Amino acid sequence: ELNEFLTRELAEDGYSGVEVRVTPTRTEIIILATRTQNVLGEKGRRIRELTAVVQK
Amino acid sequence: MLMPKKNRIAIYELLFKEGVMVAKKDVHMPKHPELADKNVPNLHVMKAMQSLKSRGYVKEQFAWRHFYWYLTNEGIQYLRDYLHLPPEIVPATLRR
Amino acid sequence: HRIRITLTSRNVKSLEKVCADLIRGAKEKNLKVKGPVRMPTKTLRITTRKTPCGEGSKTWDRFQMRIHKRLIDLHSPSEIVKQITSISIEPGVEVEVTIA
Amino acid sequence: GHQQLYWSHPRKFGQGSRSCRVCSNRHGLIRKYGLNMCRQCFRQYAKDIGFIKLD
Amino acid sequence: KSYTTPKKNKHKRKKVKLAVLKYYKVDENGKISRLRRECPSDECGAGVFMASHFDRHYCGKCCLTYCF
RNA sequence: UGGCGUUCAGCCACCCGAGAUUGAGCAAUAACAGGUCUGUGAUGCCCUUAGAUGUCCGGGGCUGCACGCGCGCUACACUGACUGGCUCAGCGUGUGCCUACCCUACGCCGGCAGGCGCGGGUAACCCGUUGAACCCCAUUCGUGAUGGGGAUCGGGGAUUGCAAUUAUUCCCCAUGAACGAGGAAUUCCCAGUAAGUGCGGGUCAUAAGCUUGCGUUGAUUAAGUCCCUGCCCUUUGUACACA
RNA sequence: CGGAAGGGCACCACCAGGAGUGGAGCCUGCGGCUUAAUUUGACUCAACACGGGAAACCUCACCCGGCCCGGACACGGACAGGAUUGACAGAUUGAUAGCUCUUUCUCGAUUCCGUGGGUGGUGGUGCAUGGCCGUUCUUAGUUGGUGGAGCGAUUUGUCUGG
Ligand SMILES: [Zn+2]
Ligand SMILES: [Zn+2]
């Protein structure tokens, strides 16, 4: 589900995939994206929205 | 669909305190799964969101059986115009 | 003092590298350590259909799935063991620390 | 009202209780290991779960 | 679409202009006269007035019937 | 190592050696007017659009029956029918996400069905060290549509879900037919193979005559070919032509 | 494509044998019969204990009788002096679904009435299709670069023999 939602959502902003290394108390996910400028929007606003999506 | 006024104001306050909001698509479900403190149905929240989605104030993202909303700049003005709030304060998604 | 660290993994060589690194780190930090107790693996066979409609010849899938289990027995205080487990983690091997 | 006839038939058993979480169809449901997923989407996203056809 | 059997009617609420004026009865002095019975329930007290029927009294939302 | 073969590619017999062929997956080019809108919030077009081809409740139907076939199960017995004694497996499975739904161990109540509280397990621990079926040994029967067969039918007793009759399912008694080794025609396979005979998983409020794996015992024939039914190339007249 | 033949392949071919169907009974499915409905689909290899579709109420795609809007949004009328919505006795109905009737209290701008438009649909079209599956076929066949033949489709390479 975490792959499919970001594949459906980030498809217009140059999405390739995600990489995850599990650590205690820190879920460190790396969106390996082509266009790094398009995925942030405005100082990482869409990233802070996606953190709230994962949190909710 | 008829909606309670205080619950409508609570839903718009929950939308203003964080513009992004999730929902689970389920017909046979009495109350909302996330917002479980205030006893409100999920169908009223879905209709109140698609009423803004149809006239163009929110962006929709669709999962397998889940709905996701993304607040737009017109919704930024609409929420503060409905809640009569000063324009200086911003939601949490505008904060670093 | 009796510590039973269980290591669970799907991959074989990464789990072997992690447990060998833990054994070689225990030899450098000079503590009593047992060998790798190799518990048997588990298998999960799934047989499904290929065609969405019920026409043609009857197909049968063969989906396999494996999982392993290792354990390292230790006789050491927990302050030494936490310093070992904090270093060199990977998302392949899952660690379960039990002190009894 | 209609809400009395809405919650009248119980949904405490079988396919009335559980269904697919992708297509919402009452066909090809696996109750084993808590999947509740149809076989077509299972064959589609079978590699992303971890299953693979080796033998 | 048009069926053979005619449809069953819905209870359209007949609007009454100045229906609140029939509640109180005014006097020449500064007082009031309440004809309808006050509801003694906990959900609604002196605010909601019960219906003035011929044989028993009944309140709106709490569904509480008082017969003589 | 010994024989056949241009003595090349290679092939066969033999000694020694756990084996002188374990099985499966991936599977080139090209195509079907093959299926799937009844898996899909994959989708084009038309229709419906409120008295709705949308949504919800109580039933019925999906099972139904002069007839013909498809996939399966068990008998037609003496190699067998009944009662005890004796002796073995590996796949598995299992304490919850809304959600109630899990494996059962042990002492009792009762002919069975079923019921009462009770301890262990997030699993090489608990069920479990899986006393499974066939098997072998010791009693009863003897050619009788038979003690084989339970097709057919009646009465009572229990569990499951809110709710079972046209029988959800289980238990006890009674009823004892067709069937005397099978016509034309036809399906599968060639060593732990067919076959006899069981046990787990899925379907599961109730759930195996379905399907797949896991076990035990264990044969006859064969080391050749296109005569028969198909598929694949060839030489060539070309009544075979977005073929 | 051969009614002309050869070669090697397969127990969805034979040979020598082994086990089954059809012989008896039963569970189940299809076509017809048929009903208010018996939901629809597929016909030699390549459908018929199938769609994982083993259906007492969901499953239902079908009918019998009754209710809900779950008709977004925009434009003009209604309207807070209440636009709208829920109702117990009791009649009808299947339910104590006010769905209706005898009668009025109640929630309050969410709603109601017409015009445009939108979505909803296991409703139809696989002779429009994506994706996926079966067949040839798990057969040993197939494709490029440089040369030799011409005016070119064509064929040598891509194979006379084992
Ligand atoms: Zn699917
Ligand atoms: Zn009152």
# chains A, B, ... in the order shown; residues from 1 in each chain; ligands from 1
call {"tool": "select_by_dssp", "arguments": {"residues": "chain C", "states": "alpha helix (DSSP H)", "output": "ChimeraX atom specification"}}
result
/C:13-28,78-86
call {"tool": "write_last_selection", "arguments": {"atoms": "N, CA, C and O atoms", "output": "mmCIF file, in the first residue's frame"}}
result
data_model
loop_
_atom_site.group_PDB
_atom_site.id
_atom_site.type_symbol
_atom_site.label_atom_id
_atom_site.label_comp_id
_atom_site.auth_asym_id
_atom_site.auth_seq_id
_atom_site.Cartn_x
_atom_site.Cartn_y
_atom_site.Cartn_z
ATOM 1 N N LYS C 13 22.415 -15.330 3.091
ATOM 2 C CA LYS C 13 23.791 -14.853 3.201
ATOM 3 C C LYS C 13 23.892 -13.568 4.018
ATOM 4 O O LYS C 13 24.898 -13.359 4.705
ATOM 5 N N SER C 14 22.855 -12.724 3.999
ATOM 6 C CA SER C 14 22.873 -11.515 4.817
ATOM 7 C C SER C 14 22.747 -11.852 6.297
ATOM 8 O O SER C 14 23.444 -11.267 7.135
ATOM 9 N N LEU C 15 21.871 -12.807 6.629
ATOM 10 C CA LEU C 15 21.754 -13.298 7.998
ATOM 11 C C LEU C 15 23.036 -13.974 8.467
ATOM 12 O O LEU C 15 23.442 -13.798 9.626
ATOM 13 N N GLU C 16 23.692 -14.727 7.575
ATOM 14 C CA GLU C 16 24.966 -15.356 7.912
ATOM 15 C C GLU C 16 26.051 -14.312 8.152
ATOM 16 O O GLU C 16 26.852 -14.450 9.084
ATOM 17 N N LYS C 17 26.067 -13.246 7.343
ATOM 18 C CA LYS C 17 27.039 -12.172 7.525
ATOM 19 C C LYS C 17 26.800 -11.416 8.829
ATOM 20 O O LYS C 17 27.757 -11.073 9.532
ATOM 21 N N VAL C 18 25.531 -11.188 9.186
ATOM 22 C CA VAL C 18 25.211 -10.473 10.424
ATOM 23 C C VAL C 18 25.585 -11.308 11.646
ATOM 24 O O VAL C 18 26.220 -10.803 12.583
ATOM 25 N N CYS C 19 25.234 -12.600 11.646
ATOM 26 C CA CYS C 19 25.563 -13.425 12.806
ATOM 27 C C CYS C 19 27.063 -13.690 12.904
ATOM 28 O O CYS C 19 27.603 -13.744 14.016
ATOM 29 N N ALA C 20 27.759 -13.797 11.765
ATOM 30 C CA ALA C 20 29.213 -13.933 11.794
ATOM 31 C C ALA C 20 29.879 -12.655 12.288
ATOM 32 O O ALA C 20 30.886 -12.712 13.003
ATOM 33 N N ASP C 21 29.320 -11.492 11.933
ATOM 34 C CA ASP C 21 29.847 -10.226 12.435
ATOM 35 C C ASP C 21 29.622 -10.091 13.936
ATOM 36 O O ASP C 21 30.487 -9.572 14.649
ATOM 37 N N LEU C 22 28.482 -10.581 14.436
ATOM 38 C CA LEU C 22 28.233 -10.555 15.878
ATOM 39 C C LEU C 22 29.173 -11.497 16.626
ATOM 40 O O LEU C 22 29.676 -11.151 17.705
ATOM 41 N N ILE C 23 29.441 -12.679 16.058
ATOM 42 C CA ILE C 23 30.366 -13.622 16.686
ATOM 43 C C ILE C 23 31.794 -13.073 16.678
ATOM 44 O O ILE C 23 32.507 -13.155 17.686
ATOM 45 N N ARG C 24 32.216 -12.461 15.566
ATOM 46 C CA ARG C 24 33.561 -11.893 15.506
ATOM 47 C C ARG C 24 33.687 -10.628 16.349
ATOM 48 O O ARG C 24 34.791 -10.288 16.785
ATOM 49 N N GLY C 25 32.580 -9.922 16.590
ATOM 50 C CA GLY C 25 32.620 -8.801 17.511
ATOM 51 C C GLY C 25 32.674 -9.234 18.960
ATOM 52 O O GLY C 25 33.302 -8.564 19.787
ATOM 53 N N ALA C 26 32.025 -10.357 19.288
ATOM 54 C CA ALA C 26 32.124 -10.902 20.640
ATOM 55 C C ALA C 26 33.537 -11.395 20.939
ATOM 56 O O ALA C 26 34.007 -11.293 22.078
ATOM 57 N N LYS C 27 34.234 -11.914 19.922
ATOM 58 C CA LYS C 27 35.623 -12.327 20.104
ATOM 59 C C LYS C 27 36.545 -11.131 20.317
ATOM 60 O O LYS C 27 37.530 -11.237 21.055
ATOM 61 N N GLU C 28 36.245 -9.992 19.688
ATOM 62 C CA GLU C 28 37.054 -8.797 19.903
ATOM 63 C C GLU C 28 36.747 -8.162 21.254
ATOM 64 O O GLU C 28 37.641 -7.626 21.917
ATOM 65 N N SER C 78 23.911 -6.481 30.073
ATOM 66 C CA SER C 78 23.140 -5.928 28.961
ATOM 67 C C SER C 78 23.762 -4.653 28.404
ATOM 68 O O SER C 78 23.493 -4.294 27.250
ATOM 69 N N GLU C 79 24.582 -3.959 29.200
ATOM 70 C CA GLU C 79 25.221 -2.729 28.739
ATOM 71 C C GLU C 79 26.241 -3.005 27.640
ATOM 72 O O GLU C 79 26.422 -2.180 26.736
ATOM 73 N N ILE C 80 26.896 -4.166 27.689
ATOM 74 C CA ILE C 80 27.802 -4.561 26.616
ATOM 75 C C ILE C 80 27.012 -4.965 25.374
ATOM 76 O O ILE C 80 27.408 -4.645 24.245
ATOM 77 N N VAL C 81 25.867 -5.626 25.562
ATOM 78 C CA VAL C 81 25.111 -6.180 24.442
ATOM 79 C C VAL C 81 24.394 -5.074 23.669
ATOM 80 O O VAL C 81 24.262 -5.143 22.439
ATOM 81 N N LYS C 82 23.942 -4.026 24.371
ATOM 82 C CA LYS C 82 23.301 -2.897 23.695
ATOM 83 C C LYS C 82 24.277 -2.138 22.803
ATOM 84 O O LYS C 82 23.897 -1.682 21.716
ATOM 85 N N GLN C 83 25.538 -2.020 23.231
ATOM 86 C CA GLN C 83 26.561 -1.385 22.404
ATOM 87 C C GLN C 83 26.862 -2.206 21.154
ATOM 88 O O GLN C 83 27.166 -1.640 20.098
ATOM 89 N N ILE C 84 26.758 -3.533 21.247
ATOM 90 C CA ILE C 84 26.952 -4.385 20.079
ATOM 91 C C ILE C 84 25.766 -4.274 19.126
ATOM 92 O O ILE C 84 25.944 -4.134 17.910
ATOM 93 N N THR C 85 24.543 -4.309 19.661
ATOM 94 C CA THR C 85 23.355 -4.276 18.814
ATOM 95 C C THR C 85 23.073 -2.893 18.235
ATOM 96 O O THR C 85 22.315 -2.790 17.265
ATOM 97 N N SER C 86 23.653 -1.832 18.804
ATOM 98 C CA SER C 86 23.470 -0.504 18.227
ATOM 99 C C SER C 86 24.263 -0.341 16.933
ATOM 100 O O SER C 86 23.902 0.473 16.076
#
call {"tool": "residues_around", "arguments": {"residues": "stretch 9-14 of chain D", "least_positions_apart": "6", "cutoff": "9 Å", "atoms": "only C-alpha atoms (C1' of nucleotides)", "output": "PyMOL selection string"}}
result
(chain F and resi 57+99-101+161-162+204-205) or (chain G and resi 57-58)
call {"tool": "write_last_selection", "arguments": {"atoms": "C-alpha atoms (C1' of nucleotides)", "output": "PDB file, in the first residue's frame"}}
result
ATOM      1  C1'   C F  57     -35.800  -5.159   4.762  1.00  0.00           C
ATOM      2  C1'   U F  99     -14.428  -8.665  14.925  1.00  0.00           C
ATOM      3  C1'   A F 100     -17.290 -12.051  18.344  1.00  0.00           C
ATOM      4  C1'   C F 101     -14.276 -15.916  15.149  1.00  0.00           C
ATOM      5  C1'   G F 161     -26.544 -18.685  13.690  1.00  0.00           C
ATOM      6  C1'   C F 162     -31.610 -13.970  15.431  1.00  0.00           C
ATOM      7  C1'   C F 204     -15.775 -22.895   6.434  1.00  0.00           C
ATOM      8  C1'   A F 205     -22.035 -19.007  11.798  1.00  0.00           C
TER       9        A F 205
ATOM     10  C1'   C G  57     -31.428 -14.369   5.158  1.00  0.00           C
ATOM     11  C1'   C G  58     -25.985 -11.442   2.442  1.00  0.00           C
TER      12        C G  58
END
call {"tool": "residues_near_ligand", "arguments": {"ligand": "ligand 1", "cutoff": "10 Å", "atoms": "only C-alpha atoms (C1' of nucleotides) and all ligand atoms", "output": "PDB file with N, CA, C and O atoms (P, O5', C5', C4', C3', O3' and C1' of nucleotides), in the first residue's frame"}}
result
ATOM      1  N   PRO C  52      -8.567 -14.940 -15.112  1.00  0.00           N
ATOM      2  CA  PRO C  52      -9.684 -14.360 -14.343  1.00  0.00           C
ATOM      3  C   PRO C  52     -11.017 -15.052 -14.588  1.00  0.00           C
ATOM      4  O   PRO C  52     -11.775 -15.282 -13.636  1.00  0.00           O
TER       5      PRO C  52
ATOM      6  N   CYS D  20     -13.314  -8.078  -0.277  1.00  0.00           N
ATOM      7  CA  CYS D  20     -12.030  -7.644  -0.808  1.00  0.00           C
ATOM      8  C   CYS D  20     -11.805  -6.166  -0.514  1.00  0.00           C
ATOM      9  O   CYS D  20     -12.748  -5.370  -0.487  1.00  0.00           O
ATOM     10  N   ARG D  21     -10.546  -5.804  -0.291  1.00  0.00           N
ATOM     11  CA  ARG D  21     -10.173  -4.433   0.024  1.00  0.00           C
ATOM     12  C   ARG D  21      -9.700  -3.653  -1.195  1.00  0.00           C
ATOM     13  O   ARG D  21      -9.256  -2.510  -1.051  1.00  0.00           O
ATOM     14  N   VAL D  22      -9.781  -4.242  -2.387  1.00  0.00           N
ATOM     15  CA  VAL D  22      -9.358  -3.568  -3.610  1.00  0.00           C
ATOM     16  C   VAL D  22     -10.551  -3.433  -4.547  1.00  0.00           C
ATOM     17  O   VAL D  22     -10.955  -2.320  -4.902  1.00  0.00           O
ATOM     18  N   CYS D  23     -11.123  -4.569  -4.951  1.00  0.00           N
ATOM     19  CA  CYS D  23     -12.208  -4.555  -5.925  1.00  0.00           C
ATOM     20  C   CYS D  23     -13.578  -4.629  -5.266  1.00  0.00           C
ATOM     21  O   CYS D  23     -14.582  -4.308  -5.917  1.00  0.00           O
ATOM     22  N   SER D  24     -13.625  -5.037  -3.992  1.00  0.00           N
ATOM     23  CA  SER D  24     -14.843  -5.237  -3.197  1.00  0.00           C
ATOM     24  C   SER D  24     -15.797  -6.217  -3.888  1.00  0.00           C
ATOM     25  O   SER D  24     -16.960  -5.921  -4.171  1.00  0.00           O
ATOM     26  N   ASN D  25     -15.260  -7.407  -4.152  1.00  0.00           N
ATOM     27  CA  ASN D  25     -16.020  -8.471  -4.788  1.00  0.00           C
ATOM     28  C   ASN D  25     -16.058  -9.691  -3.876  1.00  0.00           C
ATOM     29  O   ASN D  25     -15.133  -9.948  -3.101  1.00  0.00           O
ATOM     30  N   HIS D  27     -15.694 -12.832  -4.480  1.00  0.00           N
ATOM     31  CA  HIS D  27     -15.180 -13.930  -5.289  1.00  0.00           C
ATOM     32  C   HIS D  27     -13.678 -14.040  -5.076  1.00  0.00           C
ATOM     33  O   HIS D  27     -12.957 -13.050  -5.228  1.00  0.00           O
ATOM     34  N   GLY D  28     -13.218 -15.236  -4.726  1.00  0.00           N
ATOM     35  CA  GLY D  28     -11.792 -15.484  -4.592  1.00  0.00           C
ATOM     36  C   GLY D  28     -11.153 -14.890  -3.355  1.00  0.00           C
ATOM     37  O   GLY D  28     -10.052 -14.331  -3.441  1.00  0.00           O
ATOM     38  N   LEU D  29     -11.808 -15.007  -2.202  1.00  0.00           N
ATOM     39  CA  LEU D  29     -11.335 -14.403  -0.962  1.00  0.00           C
ATOM     40  C   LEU D  29     -10.578 -15.438  -0.139  1.00  0.00           C
ATOM     41  O   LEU D  29     -11.100 -16.525   0.134  1.00  0.00           O
ATOM     42  N   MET D  37      -8.351 -10.709   0.070  1.00  0.00           N
ATOM     43  CA  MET D  37      -7.953 -10.084  -1.181  1.00  0.00           C
ATOM     44  C   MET D  37      -8.232 -11.053  -2.321  1.00  0.00           C
ATOM     45  O   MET D  37      -8.027 -12.263  -2.187  1.00  0.00           O
ATOM     46  N   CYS D  38      -8.710 -10.511  -3.439  1.00  0.00           N
ATOM     47  CA  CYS D  38      -9.074 -11.339  -4.579  1.00  0.00           C
ATOM     48  C   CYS D  38      -7.832 -11.878  -5.283  1.00  0.00           C
ATOM     49  O   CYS D  38      -6.740 -11.304  -5.200  1.00  0.00           O
ATOM     50  N   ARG D  39      -8.017 -12.998  -5.990  1.00  0.00           N
ATOM     51  CA  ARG D  39      -6.882 -13.725  -6.553  1.00  0.00           C
ATOM     52  C   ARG D  39      -6.262 -13.003  -7.744  1.00  0.00           C
ATOM     53  O   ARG D  39      -5.061 -13.155  -7.990  1.00  0.00           O
ATOM     54  N   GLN D  40      -7.041 -12.188  -8.463  1.00  0.00           N
ATOM     55  CA  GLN D  40      -6.490 -11.456  -9.602  1.00  0.00           C
ATOM     56  C   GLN D  40      -5.535 -10.361  -9.142  1.00  0.00           C
ATOM     57  O   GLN D  40      -4.414 -10.248  -9.654  1.00  0.00           O
ATOM     58  N   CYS D  41      -5.945  -9.566  -8.151  1.00  0.00           N
ATOM     59  CA  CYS D  41      -5.045  -8.561  -7.598  1.00  0.00           C
ATOM     60  C   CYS D  41      -3.932  -9.194  -6.772  1.00  0.00           C
ATOM     61  O   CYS D  41      -2.858  -8.600  -6.634  1.00  0.00           O
ATOM     62  N   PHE D  42      -4.156 -10.400  -6.238  1.00  0.00           N
ATOM     63  CA  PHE D  42      -3.081 -11.122  -5.560  1.00  0.00           C
ATOM     64  C   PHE D  42      -1.999 -11.554  -6.546  1.00  0.00           C
ATOM     65  O   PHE D  42      -0.802 -11.412  -6.266  1.00  0.00           O
ATOM     66  N   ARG D  43      -2.404 -12.071  -7.710  1.00  0.00           N
ATOM     67  CA  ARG D  43      -1.447 -12.414  -8.759  1.00  0.00           C
ATOM     68  C   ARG D  43      -0.783 -11.165  -9.331  1.00  0.00           C
ATOM     69  O   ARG D  43       0.389 -11.203  -9.727  1.00  0.00           O
ATOM     70  N   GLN D  44      -1.513 -10.044  -9.364  1.00  0.00           N
ATOM     71  CA  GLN D  44      -0.929  -8.788  -9.828  1.00  0.00           C
ATOM     72  C   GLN D  44       0.146  -8.286  -8.868  1.00  0.00           C
ATOM     73  O   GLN D  44       1.322  -8.185  -9.238  1.00  0.00           O
TER      74      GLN D  44
ATOM     75  P     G F  39     -16.075 -11.216 -14.596  1.00  0.00           P
ATOM     76  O5'   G F  39     -15.490 -10.341 -13.401  1.00  0.00           O
ATOM     77  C5'   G F  39     -16.059 -10.405 -12.101  1.00  0.00           C
ATOM     78  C4'   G F  39     -15.260  -9.596 -11.112  1.00  0.00           C
ATOM     79  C3'   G F  39     -14.952  -8.164 -11.522  1.00  0.00           C
ATOM     80  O3'   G F  39     -16.023  -7.275 -11.253  1.00  0.00           O
ATOM     81  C1'   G F  39     -12.983  -9.204 -10.722  1.00  0.00           C
ATOM     82  P     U F  40     -16.325  -6.041 -12.238  1.00  0.00           P
ATOM     83  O5'   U F  40     -15.202  -4.970 -11.879  1.00  0.00           O
ATOM     84  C5'   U F  40     -15.116  -4.401 -10.580  1.00  0.00           C
ATOM     85  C4'   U F  40     -13.781  -3.731 -10.365  1.00  0.00           C
ATOM     86  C3'   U F  40     -13.463  -2.577 -11.302  1.00  0.00           C
ATOM     87  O3'   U F  40     -14.046  -1.357 -10.880  1.00  0.00           O
ATOM     88  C1'   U F  40     -11.602  -4.042 -11.177  1.00  0.00           C
TER      89        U F  40
END
call {"tool": "atom_distance", "arguments": {"atom1": "atom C1' of residue G:119", "atom2": "atom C1' of residue F:54"}}
result
10.5 Å
call {"tool": "interface_residues", "arguments": {"of": "chain F", "to": "chain C", "cutoff": "9 Å", "atoms": "only C-alpha atoms (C1' of nucleotides)", "output": "number ranges by chain"}}
result
F: 35-36, 39, 124, 212
call {"tool": "residues_near_ligand", "arguments": {"ligand": "ligand 2", "cutoff": "12 Å", "atoms": "only C-alpha atoms (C1' of nucleotides) and all ligand atoms", "output": "list in words"}}
result
residues 36, 37, 38, 39, 40, 41, 42, 43, 44, 45, 46, 47, 48, 49, 50, 51, 52, 57, 58, 59, 60, 61, 62, 63, 64, 65 and 66 of chain E; 105 and 106 of chain G
call {"tool": "interface_residues", "arguments": {"of": "chain F", "to": "chain E", "cutoff": "12 Å", "atoms": "only C-alpha atoms (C1' of nucleotides)", "output": "PDB file with N, CA, C and O atoms (P, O5', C5', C4', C3', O3' and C1' of nucleotides), in the first residue's frame"}}
result
ATOM      1  P     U F  48     -33.090   7.266 -21.351  1.00  0.00           P
ATOM      2  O5'   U F  48     -33.126   6.763 -19.841  1.00  0.00           O
ATOM      3  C5'   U F  48     -33.924   5.653 -19.455  1.00  0.00           C
ATOM      4  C4'   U F  48     -33.496   5.116 -18.113  1.00  0.00           C
ATOM      5  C3'   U F  48     -33.455   6.133 -16.984  1.00  0.00           C
ATOM      6  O3'   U F  48     -34.727   6.351 -16.399  1.00  0.00           O
ATOM      7  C1'   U F  48     -31.449   4.870 -16.989  1.00  0.00           C
ATOM      8  P     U F  49     -35.446   7.782 -16.535  1.00  0.00           P
ATOM      9  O5'   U F  49     -34.732   8.674 -15.427  1.00  0.00           O
ATOM     10  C5'   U F  49     -34.663   8.241 -14.077  1.00  0.00           C
ATOM     11  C4'   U F  49     -33.557   8.942 -13.333  1.00  0.00           C
ATOM     12  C3'   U F  49     -33.562  10.460 -13.418  1.00  0.00           C
ATOM     13  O3'   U F  49     -34.476  11.058 -12.516  1.00  0.00           O
ATOM     14  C1'   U F  49     -31.370   9.645 -13.799  1.00  0.00           C
ATOM     15  P     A F  50     -35.713  11.922 -13.068  1.00  0.00           P
ATOM     16  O5'   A F  50     -36.877  11.641 -12.019  1.00  0.00           O
ATOM     17  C5'   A F  50     -37.598  10.411 -12.034  1.00  0.00           C
ATOM     18  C4'   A F  50     -37.842   9.855 -10.646  1.00  0.00           C
ATOM     19  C3'   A F  50     -38.410  10.827  -9.609  1.00  0.00           C
ATOM     20  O3'   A F  50     -39.296  10.113  -8.750  1.00  0.00           O
ATOM     21  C1'   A F  50     -36.381   9.924  -8.816  1.00  0.00           C
ATOM     22  P     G F  51     -40.716  10.736  -8.330  1.00  0.00           P
ATOM     23  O5'   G F  51     -41.471   9.514  -7.639  1.00  0.00           O
ATOM     24  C5'   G F  51     -40.775   8.624  -6.770  1.00  0.00           C
ATOM     25  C4'   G F  51     -40.841   7.190  -7.244  1.00  0.00           C
ATOM     26  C3'   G F  51     -40.017   6.862  -8.490  1.00  0.00           C
ATOM     27  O3'   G F  51     -39.507   5.532  -8.391  1.00  0.00           O
ATOM     28  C1'   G F  51     -42.290   6.370  -8.897  1.00  0.00           C
ATOM     29  P     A F  52     -37.928   5.266  -8.243  1.00  0.00           P
ATOM     30  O5'   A F  52     -37.277   6.026  -9.485  1.00  0.00           O
ATOM     31  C5'   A F  52     -37.456   5.554 -10.818  1.00  0.00           C
ATOM     32  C4'   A F  52     -36.147   5.177 -11.465  1.00  0.00           C
ATOM     33  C3'   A F  52     -35.716   3.727 -11.256  1.00  0.00           C
ATOM     34  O3'   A F  52     -35.025   3.263 -12.415  1.00  0.00           O
ATOM     35  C1'   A F  52     -34.080   5.174 -10.353  1.00  0.00           C
TER      36        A F  52
END
call {"tool": "residues_around", "arguments": {"residues": "stretch 2-8 of chain D", "least_positions_apart": "5", "cutoff": "9 Å", "atoms": "only C-alpha atoms (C1' of nucleotides)", "output": "PDB file with C-alpha atoms (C1' of nucleotides), in the first residue's frame"}}
result
ATOM      1  CA  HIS B  28     -21.535  -0.059   6.407  1.00  0.00           C
TER       2      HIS B  28
ATOM      3  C1'   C F  56     -32.222  -1.268   2.086  1.00  0.00           C
ATOM      4  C1'   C F  57     -35.800  -5.159   4.762  1.00  0.00           C
TER       5        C F  57
ATOM      6  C1'   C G  67     -39.623   2.644   1.989  1.00  0.00           C
ATOM      7  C1'   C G  68     -34.704   5.994   1.544  1.00  0.00           C
ATOM      8  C1'   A G  95     -41.642  -4.133  11.047  1.00  0.00           C
ATOM      9  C1'   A G  97     -40.199   2.172   8.164  1.00  0.00           C
TER      10        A G  97
END
call {"tool": "select_by_dssp", "arguments": {"residues": "chain A", "states": "strand (DSSP E or B)", "output": "VMD selection string"}}
result
chain A and resid 15 to 23 26 to 33
call {"tool": "closest_atom_pairs", "arguments": {"of": "chain D", "to": "chain A", "cutoff": "10 Å", "atoms": "only C-alpha atoms", "output": "CSV"}}
result
residue,atom,partner,partner_atom,distance
D:45,CA,A:4,CA,9.7
D:48,CA,A:3,CA,8.6
D:49,CA,A:1,CA,9.9
call {"tool": "write_last_selection", "arguments": {"atoms": "N, CA, C and O atoms", "output": "mmCIF file, in the first residue's frame"}}
result
data_model
loop_
_atom_site.group_PDB
_atom_site.id
_atom_site.type_symbol
_atom_site.label_atom_id
_atom_site.label_comp_id
_atom_site.auth_asym_id
_atom_site.auth_seq_id
_atom_site.Cartn_x
_atom_site.Cartn_y
_atom_site.Cartn_z
ATOM 1 N N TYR D 45 -0.234 -7.966 -7.635
ATOM 2 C CA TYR D 45 0.723 -7.524 -6.620
ATOM 3 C C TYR D 45 1.166 -8.694 -5.740
ATOM 4 O O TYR D 45 1.124 -8.637 -4.512
ATOM 5 N N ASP D 48 5.273 -7.810 -5.080
ATOM 6 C CA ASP D 48 5.539 -6.745 -4.116
ATOM 7 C C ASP D 48 5.366 -7.220 -2.677
ATOM 8 O O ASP D 48 5.956 -6.634 -1.762
ATOM 9 N N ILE D 49 4.567 -8.264 -2.455
ATOM 10 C CA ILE D 49 4.437 -8.828 -1.114
ATOM 11 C C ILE D 49 5.694 -9.609 -0.746
ATOM 12 O O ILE D 49 6.248 -9.451 0.348
#
call {"tool": "closest_atom_pairs", "arguments": {"of": "chain D", "to": "chain C", "cutoff": "7 Å", "atoms": "only C-alpha atoms", "output": "Markdown table"}}
result
| residue | atom | partner | partner_atom | distance |
| --- | --- | --- | --- | --- |
| D:39 | CA | C:48 | CA | 6.9 |
| D:40 | CA | C:52 | CA | 6.4 |
| D:51 | CA | C:65 | CA | 5.8 |
| D:52 | CA | C:63 | CA | 5.6 |
| D:53 | CA | C:63 | CA | 5.0 |
| D:54 | CA | C:64 | CA | 6.8 |
| D:55 | CA | C:62 | CA | 6.7 |
call {"tool": "residues_around", "arguments": {"residues": "residue F:192", "least_positions_apart": "6", "cutoff": "12 Å", "atoms": "only C-alpha atoms (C1' of nucleotides)", "output": "PyMOL selection string"}}
result
chain F and resi 216-219
call {"tool": "residues_around", "arguments": {"residues": "residue B:35", "least_positions_apart": "6", "cutoff": "10 Å", "atoms": "only C-alpha atoms (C1' of nucleotides)", "output": "list in words"}}
result
residues 11, 14, 23, 41 and 42 of chain B
call {"tool": "interface_residues", "arguments": {"of": "chain B", "to": "chain D", "cutoff": "12 Å", "atoms": "only C-alpha atoms", "output": "PyMOL selection string"}}
result
chain B and resi 24-30+62-66
call {"tool": "residues_around", "arguments": {"residues": "residue F:69", "least_positions_apart": "3", "cutoff": "12 Å", "atoms": "only C-alpha atoms (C1' of nucleotides)", "output": "PyMOL selection string"}}
result
chain G and resi 22+29-31+48
